[PDB]
Ligand SMILES: CC(C)C[C@H](NC(=O)[C@H](Cc1ccccc1)NC(=O)c1cnccn1)B(O)O
Ligand SMILES: CC(C)C[C@H](NC(=O)[C@H](Cc1ccccc1)NC(=O)c1cnccn1)B(O)O
Ligand code: NA
Ligand code: NA
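Residue numbers (the entry's author numbering), protein chains in the order written: chain B, 348 to 535; chain A, 352 to 547.
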């Protein structure tokens with residue numbers, strides 16, 4: 348209907364050739380106390396195991412949020428000033444590092460009250476130095492964005508391939524940096 | 352945000368170079384250590400008896416902080432975030448000297464030679480302890496375009512002398528790692544110079 352504050356279109360893949368678009372929602376309020384970060388709708392922990400051994404870690408999605416908050420501090424924001432809540436609606440259990448640029452964009456937008464273009468979808472792992480790192484399932488993700496009525500899709504520079512140029516009816520933007528993501532999507 | 356070139360082995364003979372990211376900022380509150388990209392806990396055994404422990408990676412981070420403390424740094428003055436990039440859980444004690452160098456470099460600003468990769472467990476006294484997969488690690492350092500690789504002294508063996516096209520530096524201490532990888536910082540608009 349409109350560009351909007353703290354709503355960003357992310358992308359997911361389930362197995363080789365099955366992509367989808369998720370409408371990630373970000374709320375930022377002046378902190379009650381020390382500031383906080385909460386996420387609804389993500390894996391909190393992953394376990395990988397064999398017969399006799401297994402490891403457990405905080406999820407790549409939760410790790411991704413911590414990278415995002417470190418990047419926003421290097422850019423001169425103070426996330427400790429805010430209680431921040433990110434919501435992946437629907438109740439679907441999602442994981443992975445590839446929503447890093449989308450959550451970062453969502454928080455930036457919510458903090459600055461600058462709406463994000465609703466015609467854009469994006470996928471991109473974020474590094475602590477603001478670089479956009481390659482992701483999985485970029486073709487099914489682009490087709491999901493198109494299939495959903497997105498005019499544009501932001502992908503990491505290193506996911507660029509010749510075959511992408513053969514896709515019609517959606518603008519594919521390759522980015523190296525989170526600043527380039529903000530340039531592409533923020534409205535005024 | 353500084354980069355240190357760490358090394359990993361996956362199966363008997365495959366190595367990779369990891370660009371480990373280290374962010375160190377003035378503490379927002381009581382200071383903090385956060386690591387992304389690692390195993391945090393390991394369970395070993397069966398139904399009948401199993402143990403659970405902090406991962407080797409997490410233990411390695413605790414040893415790093417103790418060493419920096421014994422060297423007169425106060426890691427609790429900082430919020431420290433180390434990111435091991437991508438989407439594989441990494442584990443092991445062998446990134447001890449990489450994480451310690453990355454934090455050192457970030458605290459003092461004295462930046463890290465980007466042509467150097469390294470592997471080594473760190474002890475509390477700051478000795479560099481032997482690691483596994485030293486040969487595939489060296490080969491992966493070479494393939495990534497590293498000109499130098501730091502290894503533990505006790506990993507030195509005759510056959511490494513057969514490896515061409517990379518300088519292999521054996522170290523006994525963390526101070527030696529820092530002697531070898533730290534570059535003279537820039538000199539412009541400084542009241543004095545720091546030389547290594
Ligand atoms: C937080 C989410 C949206 C990030 C994206 N996740 C996914 O695409 C993941 C697949 C993935 C890819 C790489 C690493 C781990 C898991 N997909 C899902 O979680 C998923 C998709 N559809 C239904 C239910 N779950 B990304 O890493 O590709
Ligand atoms: C923190 C990491 C980088 C330290 C290094 N780890 C690895 O090489 C470990 C194997 C290992 C070796 C010794 C003890 C435990 C596990 N490798 C990995 O975790 C690994 C390697 N390639 C891709 C993804 N993960 B080291 O202990 O050799
Ligand atoms: Na994504
Ligand atoms: Na290593």
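For every residue, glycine included, the Cβ atom is placed at its ideal position computed from N, Cα and C.
Please go through the same chain and pick out, in chain order, the residues whose beta-carbon is closer than 7 Å to the beta-carbon of residue 405 (chain A), but skip the five residues on each side of it.
392
Can you pull the chain A neighbours of residue 475 (chain B), defined as C-beta to C-beta under 7 Å?
352, 372, 374, 432, 434
Does the Cβ-Cβ distance between residue 352 (chain B) and residue 429 (chain B) come in under 8 Å?
no
Quick check: is the beta carbon of residue 413 (chain A) nearer than 8 Å to any beta carbon in chain B?
no
Could you round the C-beta distance between residue 524 (chain A) and residue 477 (chain A) to whole angstroms and report it? I think they count as a contact, below 8 Å.
6 Å
Is there at least one non-hydrogen atom of ligand 1 closer than 7 Å to the beta-carbon of residue 482 (chain B)?
yes
Any idea which residues DSSP pairs residue 403 (chain B) with across the strands?
B:394, A:392
Smallest Cα separation from residue 403 (chain A): which of A:471, A:449, A:390?
A:390
Following a CB-centred definition, is residue 438 (chain A) positioned closer than 7 Å to any heavy atom of ligand 1?
yes
Got a sec: is the Cβ-Cβ distance from residue 488 (chain B) to anything in chain A below 8 Å?
no
Against chain B, which members of the region 446 to 462 of chain A pass a CB distance test of less than 7 Å?
none
Can you list, in chain order, the residues of its chain with a C-beta nearer than 7 Å to that of residue 368 (chain A)? Leave out the 5 residues immediately preceding and following it.
356, 358, 468, 491, 492, 495, 497
Quick check on the DSSP output: the alpha helix (DSSP H) that includes residue 459 (chain B) runs from which residue to which?
447 to 459
Looking only at its own chain, which residues have a Cβ that is under 8 Å from the Cβ of residue 386 (chain B), when we skip the five neighbours before and after it?
408, 409, 412, 432, 433, 434, 435
Roughly how many angstroms separate the alpha carbons of residue 465 (chain A) and residue 504 (chain A), rounded to a whole number?
22 Å
Tell me the rounded alpha-carbon separation between residue 566 (chain A) and residue 388 (chain A).
Residue 566 (chain A) cannot be examined here, being either before or after the span of chain A that is shown, 352 to 547.
If I'm right that residue 415 (chain B) touches residue 454 (chain B) with Cβ under 8 Å, what's the distance once you round it to whole angstroms?
7 Å
Just mark residue 500 (chain B) as buried or exposed, buried being the case when its beta carbon has 16 or more other beta carbons within 10 Å.
buried
Cβ of residue 379 (chain A) within 8 Å of any chain B Cβ:
yes
Keeping to the same chain, check which residues put their C-beta closer than 7 Å to that of residue 360 (chain A); ignore five residues upstream and five downstream.
366, 483, 484, 487, 488
According to DSSP, is residue 411 (chain A) helix, strand or coil?
helix
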